[PDB]
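What follows draws every value from the coordinates through simple rules; no lab data is involved. Cβ: placed from backbone, ideal geometry, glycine included. Neighbour counts: every protein chain shown.
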Amino acid sequence: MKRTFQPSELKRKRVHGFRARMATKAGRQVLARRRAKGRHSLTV
Amino acid sequence: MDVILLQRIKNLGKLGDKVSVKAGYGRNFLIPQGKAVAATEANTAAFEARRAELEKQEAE
Amino acid sequence: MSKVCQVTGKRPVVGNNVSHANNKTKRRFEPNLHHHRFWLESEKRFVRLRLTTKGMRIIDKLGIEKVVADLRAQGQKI
RNA sequence: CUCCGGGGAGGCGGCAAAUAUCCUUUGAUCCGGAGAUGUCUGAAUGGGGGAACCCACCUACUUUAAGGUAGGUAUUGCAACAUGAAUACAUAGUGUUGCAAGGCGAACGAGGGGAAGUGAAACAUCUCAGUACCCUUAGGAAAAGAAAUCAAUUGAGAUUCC
RNA sequence: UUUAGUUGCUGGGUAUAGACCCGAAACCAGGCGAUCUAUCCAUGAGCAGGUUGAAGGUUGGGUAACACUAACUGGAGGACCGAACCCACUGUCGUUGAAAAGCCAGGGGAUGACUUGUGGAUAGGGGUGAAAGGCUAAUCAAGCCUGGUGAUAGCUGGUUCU
RNA sequence: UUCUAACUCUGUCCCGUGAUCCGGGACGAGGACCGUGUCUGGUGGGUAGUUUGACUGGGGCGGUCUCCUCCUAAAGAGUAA
Ligand SMILES: NCCC[C@H](N)CC(=O)N[C@@H]1[C@H](O)[C@@H](OC(N)=O)[C@@H](CO)O[C@H]1NC1=N[C@@H]2C(=O)NC[C@@H](O)[C@H]2N1
């Protein structure tokens, strides 16, 4: 049966990407939190 | 508003009289058309000291 | 770009509605703002300002030129 | 990598031994200070974009082929200058130059908004509490501050903290 | 009129704090989700084969002219039978399954209110719904994550040497 | 009743300007109305927070809930359904 995850890299980058996060204040706060926690990879 | 005229008005008076006028009449009609100006002490002194004769000269 | 009076600086403030049973809910009080065109002789033109009726009372008492000079000195495009 | 100072026999960073070529008393490795170089992304600022990519223009020098070197080309605010409508003076608009700003980061400060769980042995006034949280913005601290203040024997004498 | 207090140290009790420990269904604030699914927008793609024979047209009959009529053409339809494709009516099996919704044998639609790819829009007391309180990432009579938060529990359990 | 000068136009033309936004100008149609701020009466399950008793031969329905007199009450007092 069809499952929930149907991967598409263009959609992945446009929804969860670095520039998408930079575009809004809440996304910049997300990036700040992840930098403070010390994640090795900030975004997808 | 208290104003002094610079010309003649049919019911108000004429030529330098100080009369009490509703704020709208002065603000929207008289001042922006030059028929009168507000009766500040400086305005009254300036009108009376020099330009009284100058205004009285212009009949029409 | 806001409900702010150009002449006096008034703006909305917050308060409460109080009922007969003393229930309190948040509200705001707004200024009596609106637009008005003033003839300016020194520049031969009409200047349009967003202001309150208290702003008009101040303009009536002080003169339009003095008020415009004060706003320009405060740094507004009039 | 360079210079200056220290030091005086070993050294070629670690996982990580071996090995090779080796460097060094003409002073190495090492330690401290000052300089040189410093790709691409990122406020990213020549335009665009799915970050680390795609596409440009203008000068000066250089090449004879289809290029190379260096510099410049963002926006907004202020100032000077130039240009310039409806419209005659003007203003709006437009451009050049010069200056400044933006972003990040622990807590503490000031300001703009602001709950509910809970307690009241139920609950609406009240409490929780101007707390949690969101937004703007400083400084090494901030804020406040030199009485239109208190006191009540006619006395005290700015603000802050215990 | 009752005539020994007071300040330390240790211990028993009480009060304010999470106050002996573990346990809700909930409520509030700020963020993350339409790669599943619901509806919509733009641009592309798909539907073997066989039947039936609507409107209209031509010709001949028939009328004072109509009207009427026969034959031939013609190819309509949320038309018919039936593969692909899309569904899900019955039964057996499976139920620590091959599978967190299937296989097998039969079944329905199959040119349309049709099926489908790519890219977009709508975000939580909101969305969308040919309407079942259905769906909104295996979660829905109010999604998920992080904070208020160690919420409160007149209830249940547990509570360690002589 | 009339007027225009505040104010309105999701009406026409011109300029910024290469532009169905916007601003300025010229007209036209309205006009002290409409509309907005403060105060105030009405309406208001649209939305929100909550309440909606106990006893009881299970609960609900019915009955009862405070006071006085007699019996049950076992010759002092008190004694339940
Ligand atoms: N600290 C909280 C105290 C709560 C009150 N005590 C509750 C109360 O008694 N409300 C009643 C009630 O709602 C109703 O009358 C009745 N009884 O039904 C109305 C009819 O006017 O009158 C209300 N009374 C008041 N309205 C006034 C007001 O708001 N301000 C000033 C003063 O006039 C106030 N008192």
**Prompt:** Can you name the helices (runs of 4 or more DSSP H) wholly within chain A that have at least 2 residues being more than 8 Å from RNA strand D (Cβ to nearest atom) and in contact with a helix residue (DSSP H, G or I) (Cβ under 7 Å, 6 or more places away or on another chain)?
**Reply:** A:25-37
**Item:** Selected residue (criterion: farthest from RNA strand E (Cβ to nearest atom)) from residues of the stretch C:19-36 that are without any contact (Cβ under 8 Å) to a residue 12 or more places away in the chain and touching a strand residue (DSSP E or B) at 6+ places or on another chain (Cβ under 6 Å)
**Value:** C:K24
**Item:** Subset of the stretch B:4-60 (residues that are within 13 Å of chain C (Cβ to nearest Cβ), surrounded by fewer than 15 Cβ atoms within 10 Å (Cβ to Cβ) and touching a helix residue (DSSP H, G or I) at 6+ places or on another chain (Cβ under 8 Å))
**Value:** B:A23
**Request:** For the stretch C:38-51, state whether one or more residues are of a type outside the set (S, T, N, Q), in contact (Cβ under 8 Å) with a residue 12 or more places away in the chain, farther than 17 Å from B:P32 by Cα and within 16 Å of RNA strand D (Cβ to nearest atom).
**Result:** no
**Message:** Can you pull out every residue in the stretch B:4-15 that is part of a loop (DSSP other than H, G, I, E, B), touching a strand residue (DSSP E or B) at 6+ places or on another chain (Cβ under 7 Å) and free of Cβ contacts under 8 Å to residues at least 40 places away in the same chain?
**Reply:** B:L12
**Message:** Quick check on A:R3: is it surrounded by 10 or more Cβ atoms within 10 Å (Cβ to Cβ), of a type outside the set (S, T, Y) and either more than 14 Å from every other protein chain (Cβ to nearest Cβ) or more than 16 Å from RNA strand F (Cβ to nearest atom) (or both)?
**Reply:** no
**Item:** Members of the stretch B:26-50 that are over 10 Å from the mean Cα position of the chain (by Cα) and over 23 Å from C:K44 (Cβ atoms)
**Value:** B:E41, B:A45, B:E48, B:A49, B:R50
**Asked** Do any strands (runs of 3 or more DSSP E) lying entirely in the stretch C:15-78 carry at least 3 residues that are surrounded by 12 or more Cβ atoms within 10 Å (Cβ to Cβ) and not hydroxyl-bearing (S, T, Y), and which ones are they?
**Response** C:33-40, C:45-52
